[PDB]
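**Q** Coordinates in my_file_26.cif, mmCIF, C-alpha atoms; chains and numbers go by the auth columns, are listed below.
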```cif
data_query
loop_
_atom_site.group_PDB
_atom_site.id
_atom_site.type_symbol
_atom_site.label_atom_id
_atom_site.label_comp_id
_atom_site.label_asym_id
_atom_site.label_seq_id
_atom_site.Cartn_x
_atom_site.Cartn_y
_atom_site.Cartn_z
_atom_site.B_iso_or_equiv
_atom_site.auth_seq_id
_atom_site.auth_asym_id
ATOM 1 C CA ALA A 1 78.703 42.954 -19.450 0.00 4 A
ATOM 2 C CA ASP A 2 77.597 42.333 -15.880 0.00 5 A
ATOM 3 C CA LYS A 3 77.873 38.577 -15.422 0.00 6 A
ATOM 4 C CA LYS A 4 75.783 38.869 -12.301 0.00 7 A
ATOM 5 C CA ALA A 5 72.903 40.345 -14.293 0.00 8 A
ATOM 6 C CA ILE A 6 73.307 37.733 -17.047 0.00 9 A
ATOM 7 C CA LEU A 7 73.241 34.931 -14.470 0.00 10 A
ATOM 8 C CA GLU A 8 70.047 36.398 -12.966 0.00 11 A
ATOM 9 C CA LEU A 9 68.437 36.255 -16.405 0.00 12 A
ATOM 10 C CA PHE A 10 69.572 32.675 -16.679 0.00 13 A
ATOM 11 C CA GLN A 11 68.016 31.858 -13.287 0.00 14 A
ATOM 12 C CA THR A 12 64.723 33.324 -14.412 0.00 15 A
ATOM 13 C CA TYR A 13 64.367 31.086 -17.478 0.00 16 A
ATOM 14 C CA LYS A 14 66.255 27.862 -16.625 0.00 17 A
ATOM 15 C CA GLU A 15 64.546 24.520 -16.515 0.00 18 A
ATOM 16 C CA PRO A 16 64.164 22.550 -13.275 0.00 19 A
ATOM 17 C CA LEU A 17 67.377 20.535 -13.814 0.00 20 A
ATOM 18 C CA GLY A 18 69.162 23.889 -13.524 0.00 21 A
ATOM 19 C CA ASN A 19 71.807 23.884 -16.248 0.00 22 A
ATOM 20 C CA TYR A 20 69.941 24.898 -19.413 0.00 23 A
ATOM 21 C CA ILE A 21 67.048 26.962 -20.761 0.00 24 A
ATOM 22 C CA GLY A 22 64.835 24.702 -22.871 0.00 25 A
ATOM 23 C CA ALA A 23 61.803 25.153 -25.055 0.00 26 A
ATOM 24 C CA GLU A 24 59.643 26.340 -22.045 0.00 27 A
ATOM 25 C CA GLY A 25 62.077 28.936 -20.877 0.00 28 A
ATOM 26 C CA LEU A 26 62.913 30.135 -24.416 0.00 29 A
ATOM 27 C CA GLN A 27 59.274 30.711 -25.187 0.00 30 A
ATOM 28 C CA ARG A 28 58.930 32.841 -22.048 0.00 31 A
ATOM 29 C CA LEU A 29 62.131 34.754 -22.788 0.00 32 A
ATOM 30 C CA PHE A 30 60.986 35.594 -26.314 0.00 33 A
ATOM 31 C CA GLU A 31 57.511 36.558 -25.084 0.00 34 A
ATOM 32 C CA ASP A 32 59.150 38.960 -22.570 0.00 35 A
ATOM 33 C CA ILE A 33 60.970 40.735 -25.345 0.00 36 A
ATOM 34 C CA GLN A 34 58.107 40.748 -27.882 0.00 37 A
ATOM 35 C CA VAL A 35 59.804 38.356 -30.346 0.00 38 A
ATOM 36 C CA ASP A 36 57.851 35.668 -32.158 0.00 39 A
ATOM 37 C CA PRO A 37 59.400 32.207 -31.638 0.00 40 A
ATOM 38 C CA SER A 38 59.210 31.668 -35.401 0.00 41 A
ATOM 39 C CA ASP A 39 61.208 34.840 -36.180 0.00 42 A
ATOM 40 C CA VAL A 40 64.516 34.160 -37.940 0.00 43 A
ATOM 41 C CA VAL A 41 66.326 36.239 -35.292 0.00 44 A
ATOM 42 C CA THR A 42 65.760 33.479 -32.737 0.00 45 A
ATOM 43 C CA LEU A 43 67.954 31.268 -34.965 0.00 46 A
ATOM 44 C CA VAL A 44 70.503 34.053 -35.435 0.00 47 A
ATOM 45 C CA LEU A 45 70.737 34.322 -31.638 0.00 48 A
ATOM 46 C CA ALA A 46 71.321 30.557 -31.434 0.00 49 A
ATOM 47 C CA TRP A 47 74.045 30.868 -34.051 0.00 50 A
ATOM 48 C CA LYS A 48 75.848 33.631 -32.104 0.00 51 A
ATOM 49 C CA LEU A 49 75.545 31.638 -28.855 0.00 52 A
ATOM 50 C CA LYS A 50 77.066 28.582 -30.652 0.00 53 A
ATOM 51 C CA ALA A 51 74.036 26.596 -29.477 0.00 54 A
ATOM 52 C CA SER A 52 74.554 22.830 -29.715 0.00 55 A
ATOM 53 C CA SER A 53 71.024 21.570 -29.006 0.00 56 A
ATOM 54 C CA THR A 54 67.815 22.529 -30.741 0.00 57 A
ATOM 55 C CA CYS A 55 65.584 25.041 -28.771 0.00 58 A
ATOM 56 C CA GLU A 56 67.963 25.048 -25.838 0.00 59 A
ATOM 57 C CA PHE A 57 70.798 27.063 -24.417 0.00 60 A
ATOM 58 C CA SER A 58 73.128 25.485 -21.865 0.00 61 A
ATOM 59 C CA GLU A 59 74.184 27.672 -18.986 0.00 62 A
ATOM 60 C CA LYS A 60 77.643 28.100 -20.584 0.00 63 A
ATOM 61 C CA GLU A 61 76.214 28.949 -23.993 0.00 64 A
ATOM 62 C CA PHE A 62 73.792 31.529 -22.559 0.00 65 A
ATOM 63 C CA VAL A 63 76.119 33.212 -20.093 0.00 66 A
ATOM 64 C CA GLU A 64 79.180 33.314 -22.333 0.00 67 A
ATOM 65 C CA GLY A 65 77.083 34.185 -25.370 0.00 68 A
ATOM 66 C CA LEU A 66 75.327 37.186 -23.795 0.00 69 A
ATOM 67 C CA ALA A 67 78.672 38.313 -22.469 0.00 70 A
ATOM 68 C CA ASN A 68 80.196 38.124 -25.965 0.00 71 A
ATOM 69 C CA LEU A 69 77.224 40.098 -27.316 0.00 72 A
ATOM 70 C CA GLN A 70 77.691 42.686 -24.554 0.00 73 A
ATOM 71 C CA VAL A 71 74.125 42.024 -23.328 0.00 74 A
ATOM 72 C CA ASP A 72 73.120 42.166 -19.653 0.00 75 A
ATOM 73 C CA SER A 73 69.490 43.040 -19.578 0.00 76 A
ATOM 74 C CA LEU A 74 66.364 41.951 -21.376 0.00 77 A
ATOM 75 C CA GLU A 75 66.030 45.305 -22.992 0.00 78 A
ATOM 76 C CA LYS A 76 69.615 45.073 -24.252 0.00 79 A
ATOM 77 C CA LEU A 77 68.884 41.558 -25.588 0.00 80 A
ATOM 78 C CA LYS A 78 65.843 42.841 -27.419 0.00 81 A
ATOM 79 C CA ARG A 79 67.885 45.594 -29.048 0.00 82 A
ATOM 80 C CA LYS A 80 70.683 43.200 -29.896 0.00 83 A
ATOM 81 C CA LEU A 81 68.232 40.982 -31.804 0.00 84 A
ATOM 82 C CA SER A 82 67.511 44.010 -34.002 0.00 85 A
ATOM 83 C CA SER A 83 71.256 44.398 -34.571 0.00 86 A
ATOM 84 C CA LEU A 84 71.446 40.650 -35.402 0.00 87 A
ATOM 85 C CA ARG A 85 68.781 40.939 -38.080 0.00 88 A
ATOM 86 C CA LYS A 86 70.879 43.601 -39.772 0.00 89 A
ATOM 87 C CA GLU A 87 74.101 41.618 -39.391 0.00 90 A
ATOM 88 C CA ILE A 88 73.004 38.789 -41.673 0.00 91 A
ATOM 89 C CA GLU A 89 72.550 41.162 -44.616 0.00 92 A
ATOM 90 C CA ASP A 90 76.250 40.421 -45.138 0.00 93 A
ATOM 91 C CA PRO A 91 76.358 37.467 -47.585 0.00 94 A
ATOM 92 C CA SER A 92 79.214 35.597 -45.992 0.00 95 A
ATOM 93 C CA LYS A 93 77.513 35.846 -42.619 0.00 96 A
ATOM 94 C CA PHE A 94 74.236 34.674 -44.133 0.00 97 A
ATOM 95 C CA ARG A 95 75.924 31.612 -45.689 0.00 98 A
ATOM 96 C CA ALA A 96 77.567 30.740 -42.392 0.00 99 A
ATOM 97 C CA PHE A 97 74.343 31.252 -40.432 0.00 100 A
ATOM 98 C CA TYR A 98 72.351 29.197 -43.000 0.00 101 A
ATOM 99 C CA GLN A 99 74.794 26.294 -42.698 0.00 102 A
ATOM 100 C CA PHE A 100 74.667 26.424 -38.915 0.00 103 A
ATOM 101 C CA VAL A 101 70.879 26.086 -38.929 0.00 104 A
ATOM 102 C CA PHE A 102 71.160 22.557 -40.396 0.00 105 A
ATOM 103 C CA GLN A 103 73.504 21.435 -37.670 0.00 106 A
ATOM 104 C CA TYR A 104 71.506 23.098 -34.908 0.00 107 A
ATOM 105 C CA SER A 105 68.168 21.770 -36.062 0.00 108 A
ATOM 106 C CA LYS A 106 68.915 18.069 -36.435 0.00 109 A
ATOM 107 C CA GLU A 107 69.407 15.542 -33.710 0.00 110 A
ATOM 108 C CA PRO A 108 73.081 14.906 -32.906 0.00 111 A
ATOM 109 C CA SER A 109 72.708 11.214 -33.697 0.00 112 A
ATOM 110 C CA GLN A 110 71.190 11.831 -37.132 0.00 113 A
ATOM 111 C CA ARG A 111 73.067 12.727 -40.292 0.00 114 A
ATOM 112 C CA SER A 112 70.015 14.290 -41.976 0.00 115 A
ATOM 113 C CA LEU A 113 67.185 16.717 -41.271 0.00 116 A
ATOM 114 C CA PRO A 114 63.562 15.517 -41.471 0.00 117 A
ATOM 115 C CA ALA A 115 61.794 16.695 -44.622 0.00 118 A
ATOM 116 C CA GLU A 116 59.104 18.573 -42.760 0.00 119 A
ATOM 117 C CA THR A 117 61.603 20.411 -40.561 0.00 120 A
ATOM 118 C CA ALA A 118 63.720 21.345 -43.610 0.00 121 A
ATOM 119 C CA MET A 119 60.696 22.817 -45.402 0.00 122 A
ATOM 120 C CA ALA A 120 59.581 24.895 -42.465 0.00 123 A
ATOM 121 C CA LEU A 121 63.108 26.262 -42.038 0.00 124 A
ATOM 122 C CA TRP A 122 63.549 26.939 -45.764 0.00 125 A
ATOM 123 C CA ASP A 123 60.371 28.926 -45.742 0.00 126 A
ATOM 124 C CA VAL A 124 61.763 31.074 -42.863 0.00 127 A
ATOM 125 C CA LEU A 125 65.353 31.364 -44.156 0.00 128 A
ATOM 126 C CA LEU A 126 65.078 31.662 -47.913 0.00 129 A
ATOM 127 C CA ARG A 127 61.862 33.553 -48.548 0.00 130 A
ATOM 128 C CA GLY A 128 62.962 36.651 -50.483 0.00 131 A
ATOM 129 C CA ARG A 129 66.439 35.263 -51.232 0.00 132 A
ATOM 130 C CA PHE A 130 65.319 32.304 -53.394 0.00 133 A
ATOM 131 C CA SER A 131 63.059 33.190 -56.270 0.00 134 A
ATOM 132 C CA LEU A 132 62.150 29.521 -56.892 0.00 135 A
ATOM 133 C CA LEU A 133 61.242 28.757 -53.263 0.00 136 A
ATOM 134 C CA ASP A 134 57.565 28.133 -53.820 0.00 137 A
ATOM 135 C CA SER A 135 58.315 25.820 -56.727 0.00 138 A
ATOM 136 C CA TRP A 136 60.969 23.985 -54.641 0.00 139 A
ATOM 137 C CA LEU A 137 58.457 23.461 -51.816 0.00 140 A
ATOM 138 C CA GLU A 138 55.872 22.214 -54.300 0.00 141 A
ATOM 139 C CA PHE A 139 58.390 19.800 -55.880 0.00 142 A
ATOM 140 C CA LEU A 140 59.155 18.454 -52.399 0.00 143 A
ATOM 141 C CA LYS A 141 55.569 17.171 -52.074 0.00 144 A
ATOM 142 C CA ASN A 142 56.726 14.078 -53.934 0.00 145 A
ATOM 143 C CA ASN A 143 60.291 13.939 -52.508 0.00 146 A
ATOM 144 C CA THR A 144 59.812 13.428 -48.814 0.00 147 A
ATOM 145 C CA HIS A 145 63.072 11.845 -47.632 0.00 148 A
ATOM 146 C CA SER A 146 65.300 13.488 -45.040 0.00 149 A
ATOM 147 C CA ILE A 147 67.623 16.230 -46.280 0.00 150 A
ATOM 148 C CA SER A 148 71.356 15.560 -46.244 0.00 151 A
ATOM 149 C CA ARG A 149 73.983 18.109 -45.209 0.00 152 A
ATOM 150 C CA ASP A 150 75.246 18.513 -48.817 0.00 153 A
ATOM 151 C CA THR A 151 71.748 18.984 -50.122 0.00 154 A
ATOM 152 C CA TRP A 152 71.020 21.613 -47.455 0.00 155 A
ATOM 153 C CA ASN A 153 74.262 23.447 -48.122 0.00 156 A
ATOM 154 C CA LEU A 154 74.094 23.370 -51.926 0.00 157 A
ATOM 155 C CA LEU A 155 70.471 24.454 -52.077 0.00 158 A
ATOM 156 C CA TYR A 156 71.814 27.796 -50.912 0.00 159 A
ATOM 157 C CA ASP A 157 74.326 27.848 -53.744 0.00 160 A
ATOM 158 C CA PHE A 158 71.574 26.855 -56.115 0.00 161 A
ATOM 159 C CA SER A 159 69.451 29.743 -54.854 0.00 162 A
ATOM 160 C CA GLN A 160 72.330 32.160 -55.535 0.00 163 A
ATOM 161 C CA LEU A 161 72.704 31.156 -59.151 0.00 164 A
ATOM 162 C CA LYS A 162 73.277 32.635 -66.736 0.00 167 A
ATOM 163 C CA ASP A 163 74.709 29.949 -64.434 0.00 168 A
ATOM 164 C CA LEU A 164 71.067 29.185 -64.059 0.00 169 A
ATOM 165 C CA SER A 165 70.440 28.458 -67.652 0.00 170 A
ATOM 166 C CA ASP A 166 73.810 26.852 -67.818 0.00 171 A
ATOM 167 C CA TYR A 167 73.135 24.474 -64.870 0.00 172 A
ATOM 168 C CA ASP A 168 75.187 21.391 -65.425 0.00 173 A
ATOM 169 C CA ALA A 169 78.547 18.456 -58.838 0.00 177 A
ATOM 170 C CA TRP A 170 74.943 18.802 -57.648 0.00 178 A
ATOM 171 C CA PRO A 171 73.060 16.525 -55.254 0.00 179 A
ATOM 172 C CA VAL A 172 70.464 14.351 -56.879 0.00 180 A
ATOM 173 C CA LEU A 173 67.497 16.169 -55.264 0.00 181 A
ATOM 174 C CA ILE A 174 68.566 19.440 -56.899 0.00 182 A
ATOM 175 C CA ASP A 175 69.299 17.745 -60.223 0.00 183 A
ATOM 176 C CA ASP A 176 65.833 16.185 -60.063 0.00 184 A
ATOM 177 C CA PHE A 177 64.339 19.645 -59.340 0.00 185 A
ATOM 178 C CA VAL A 178 65.960 21.154 -62.470 0.00 186 A
ATOM 179 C CA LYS A 179 64.538 18.294 -64.565 0.00 187 A
ATOM 180 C CA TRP A 180 61.175 18.758 -62.927 0.00 188 A
ATOM 181 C CA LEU A 181 61.120 22.451 -63.888 0.00 189 A
ATOM 182 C CA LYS A 182 61.429 21.289 -67.523 0.00 190 A
ATOM 183 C CA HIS A 183 58.397 19.073 -67.077 0.00 191 A
ATOM 184 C CA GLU A 184 60.235 16.142 -68.381 0.00 192 A
#
```
Mind converting the file's structure to structure tokens?

**A**
Amino acid sequence: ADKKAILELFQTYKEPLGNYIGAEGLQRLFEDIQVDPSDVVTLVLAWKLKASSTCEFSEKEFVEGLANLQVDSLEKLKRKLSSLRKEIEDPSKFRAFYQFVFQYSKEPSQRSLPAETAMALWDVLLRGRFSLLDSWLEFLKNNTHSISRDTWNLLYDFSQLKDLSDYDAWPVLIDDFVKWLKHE
């Protein structure tokens, strides 16, 4: 990939400080390639770029990431996002990507993800992979604390479960959800 071309893309979208693309630049970049900011592929791109700050790419992340994706134009980036959507149909990639989203989406100083942020992301990530999603979101109306890393991670394992009926290891929020489903 032409690093010169990648660096010119960076120049186009970088923030005034010069060393990252932030929420302003990302919104313009996604507009230019006809991608909705809410689309899951924006998170898959962040995952492949090893992004360390929410809704940003540092200059290193962007330039080395596009290079690793063999992308050096906007049109090639747009097409690569279509390839990325297909890539996460692999279940081990989806698990890895799902776990990354927790880390990416919280503030570095915090250990947990705000309830509201977790729900919005679960709606984007798990719709169509988690039959009980709507019930989970409804249950959360009365469980509004921040979501821990273990709870985030194991909700995916819960979603992938006879192990169902044999539910027994699990974080308290998930155990409380199983009890809630029994109306007890």

**Q** Extract, using all atoms listed in the file, all DNA, RNA and protein residues at most 12 Å from residue 124 of chain A, discarding same-chain residues fewer than 3 positions from it, and format them as an MDAnalysis selection string.

**A** chainID A and resid 41:43 46 101:105 107:109 116:121 127:130 136 140 150 155

**Q** Taking the file as shown, find all residues satisfying the PyMOL selection byres ((chain A and resi 85-95) around 12) and write them as a ChimeraX atom specification.

**A** /A:36-38,42-52,72,74,78-84,96-102,128,132,159-160,163

**Q** The residues within 12 Å of (68.2, 28.1, -26.5), using all atoms listed in the file and the coordinates of the file, should be reported as a PyMOL selection string; which are they?

**A** chain A and resi 13+16-18+22-33+40+45-66+68-69+107-108

**Q** What is the atom CA of residue 110 of chain A-atom CA of residue 122 of chain A distance in Å, reported with one decimal?

**A**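 Atom CA of residue 110 of chain A sits 16.3 Å away from atom CA of residue 122 of chain A.
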
**Q** Can you tell me, as a list in words, which residues sit within 12 Å of (73.2, 21.8, -57.7) in the file's frame, using only C-alpha atoms?

**A** residues 153, 154, 155, 156, 157, 158, 159, 160, 161, 162, 163, 164, 168, 169, 171, 172, 173, 177, 178, 179, 180, 181, 182, 183, 184, 185, 186 and 187 of chain A

**Q** Specify the axis-aligned box that encloses all atoms of segment 118-128 of chain A listed in the file after padding of 8 Å on each side, stating its centre and edge lengths in Å to one decimal as lines of an AutoDock Vina configuration file.

**A**
```
center_x = 62.2
center_y = 24.0
center_z = -43.2
size_x = 22.2
size_y = 30.7
size_z = 21.2
```

**Q** For segment 93-128 of chain A, supply N, CA and C atoms and format the output as a JSON list (two decimals), in the frame of the given file.

**A**
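To be explicit, this is the file written out as result.json:
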```json
[["chain", "number", "residue", "atom", "x", "y", "z"],
["A", 93, "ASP", "N", 74.96, 40.73, -44.56],
["A", 93, "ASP", "CA", 76.25, 40.42, -45.14],
["A", 93, "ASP", "C", 76.19, 38.99, -45.69],
["A", 94, "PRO", "N", 76.57, 38.79, -46.97],
["A", 94, "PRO", "CA", 76.36, 37.47, -47.58],
["A", 94, "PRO", "C", 77.23, 36.36, -47.02],
["A", 95, "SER", "N", 78.44, 36.66, -46.55],
["A", 95, "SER", "CA", 79.21, 35.60, -45.99],
["A", 95, "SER", "C", 78.69, 35.21, -44.63],
["A", 96, "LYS", "N", 78.16, 36.18, -43.87],
["A", 96, "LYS", "CA", 77.51, 35.85, -42.62],
["A", 96, "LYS", "C", 76.24, 35.04, -42.87],
["A", 97, "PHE", "N", 75.46, 35.44, -43.88],
["A", 97, "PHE", "CA", 74.24, 34.67, -44.13],
["A", 97, "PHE", "C", 74.58, 33.23, -44.49],
["A", 98, "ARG", "N", 75.58, 33.00, -45.34],
["A", 98, "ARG", "CA", 75.92, 31.61, -45.69],
["A", 98, "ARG", "C", 76.29, 30.84, -44.45],
["A", 99, "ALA", "N", 77.11, 31.44, -43.57],
["A", 99, "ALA", "CA", 77.57, 30.74, -42.39],
["A", 99, "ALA", "C", 76.38, 30.40, -41.48],
["A", 100, "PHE", "N", 75.54, 31.40, -41.25],
["A", 100, "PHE", "CA", 74.34, 31.25, -40.43],
["A", 100, "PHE", "C", 73.42, 30.14, -41.01],
["A", 101, "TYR", "N", 73.18, 30.20, -42.32],
["A", 101, "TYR", "CA", 72.35, 29.20, -43.00],
["A", 101, "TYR", "C", 72.91, 27.79, -42.78],
["A", 102, "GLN", "N", 74.22, 27.62, -42.90],
["A", 102, "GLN", "CA", 74.79, 26.29, -42.70],
["A", 102, "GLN", "C", 74.69, 25.83, -41.26],
["A", 103, "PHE", "N", 74.82, 26.75, -40.32],
["A", 103, "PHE", "CA", 74.67, 26.42, -38.92],
["A", 103, "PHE", "C", 73.27, 25.89, -38.64],
["A", 104, "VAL", "N", 72.24, 26.49, -39.26],
["A", 104, "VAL", "CA", 70.88, 26.09, -38.93],
["A", 104, "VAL", "C", 70.63, 24.59, -39.16],
["A", 105, "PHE", "N", 71.27, 24.00, -40.19],
["A", 105, "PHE", "CA", 71.16, 22.56, -40.40],
["A", 105, "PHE", "C", 71.67, 21.78, -39.19],
["A", 106, "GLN", "N", 72.87, 22.13, -38.78],
["A", 106, "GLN", "CA", 73.50, 21.44, -37.67],
["A", 106, "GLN", "C", 72.72, 21.57, -36.36],
["A", 107, "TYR", "N", 72.25, 22.77, -36.11],
["A", 107, "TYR", "CA", 71.51, 23.10, -34.91],
["A", 107, "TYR", "C", 70.18, 22.38, -34.86],
["A", 108, "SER", "N", 69.54, 22.23, -36.02],
["A", 108, "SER", "CA", 68.17, 21.77, -36.06],
["A", 108, "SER", "C", 68.01, 20.24, -36.10],
["A", 109, "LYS", "N", 69.07, 19.53, -36.38],
["A", 109, "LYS", "CA", 68.92, 18.07, -36.44],
["A", 109, "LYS", "C", 69.30, 17.47, -35.10],
["A", 110, "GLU", "N", 68.94, 16.22, -34.91],
["A", 110, "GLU", "CA", 69.41, 15.54, -33.71],
["A", 110, "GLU", "C", 70.83, 15.10, -33.90],
["A", 111, "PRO", "N", 71.63, 15.13, -32.83],
["A", 111, "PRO", "CA", 73.08, 14.91, -32.91],
["A", 111, "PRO", "C", 73.38, 13.55, -33.54],
["A", 112, "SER", "N", 72.52, 12.59, -33.25],
["A", 112, "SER", "CA", 72.71, 11.21, -33.70],
["A", 112, "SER", "C", 72.37, 11.02, -35.17],
["A", 113, "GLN", "N", 71.57, 11.93, -35.73],
["A", 113, "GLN", "CA", 71.19, 11.83, -37.13],
["A", 113, "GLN", "C", 72.13, 12.58, -38.07],
["A", 114, "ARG", "N", 72.22, 12.10, -39.31],
["A", 114, "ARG", "CA", 73.07, 12.73, -40.29],
["A", 114, "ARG", "C", 72.24, 13.69, -41.15],
["A", 115, "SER", "N", 70.92, 13.54, -41.10],
["A", 115, "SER", "CA", 70.02, 14.29, -41.98],
["A", 115, "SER", "C", 68.88, 14.99, -41.22],
["A", 116, "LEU", "N", 68.24, 15.94, -41.88],
["A", 116, "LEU", "CA", 67.18, 16.72, -41.27],
["A", 116, "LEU", "C", 65.85, 16.24, -41.80],
["A", 117, "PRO", "N", 64.85, 15.98, -40.97],
["A", 117, "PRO", "CA", 63.56, 15.52, -41.47],
["A", 117, "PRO", "C", 62.99, 16.48, -42.50],
["A", 118, "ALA", "N", 62.37, 15.92, -43.54],
["A", 118, "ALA", "CA", 61.79, 16.70, -44.62],
["A", 118, "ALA", "C", 60.91, 17.86, -44.15],
["A", 119, "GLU", "N", 60.04, 17.56, -43.20],
["A", 119, "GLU", "CA", 59.10, 18.57, -42.76],
["A", 119, "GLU", "C", 59.81, 19.75, -42.05],
["A", 120, "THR", "N", 60.83, 19.41, -41.27],
["A", 120, "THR", "CA", 61.60, 20.41, -40.56],
["A", 120, "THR", "C", 62.38, 21.27, -41.58],
["A", 121, "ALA", "N", 63.00, 20.61, -42.57],
["A", 121, "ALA", "CA", 63.72, 21.34, -43.61],
["A", 121, "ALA", "C", 62.80, 22.32, -44.34],
["A", 122, "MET", "N", 61.59, 21.89, -44.70],
["A", 122, "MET", "CA", 60.70, 22.82, -45.40],
["A", 122, "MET", "C", 60.27, 24.03, -44.57],
["A", 123, "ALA", "N", 59.97, 23.79, -43.31],
["A", 123, "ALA", "CA", 59.58, 24.90, -42.46],
["A", 123, "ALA", "C", 60.74, 25.89, -42.33],
["A", 124, "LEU", "N", 61.96, 25.38, -42.19],
["A", 124, "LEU", "CA", 63.11, 26.26, -42.04],
["A", 124, "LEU", "C", 63.42, 26.98, -43.35],
["A", 125, "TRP", "N", 63.30, 26.28, -44.49],
["A", 125, "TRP", "CA", 63.55, 26.94, -45.76],
["A", 125, "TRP", "C", 62.58, 28.07, -46.01],
["A", 126, "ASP", "N", 61.35, 27.87, -45.60],
["A", 126, "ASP", "CA", 60.37, 28.93, -45.74],
["A", 126, "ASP", "C", 60.81, 30.18, -44.94],
["A", 127, "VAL", "N", 61.32, 29.98, -43.74],
["A", 127, "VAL", "CA", 61.76, 31.07, -42.86],
["A", 127, "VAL", "C", 63.06, 31.72, -43.37],
["A", 128, "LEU", "N", 64.02, 30.89, -43.78],
["A", 128, "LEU", "CA", 65.35, 31.36, -44.16],
["A", 128, "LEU", "C", 65.45, 31.94, -45.53]]
```
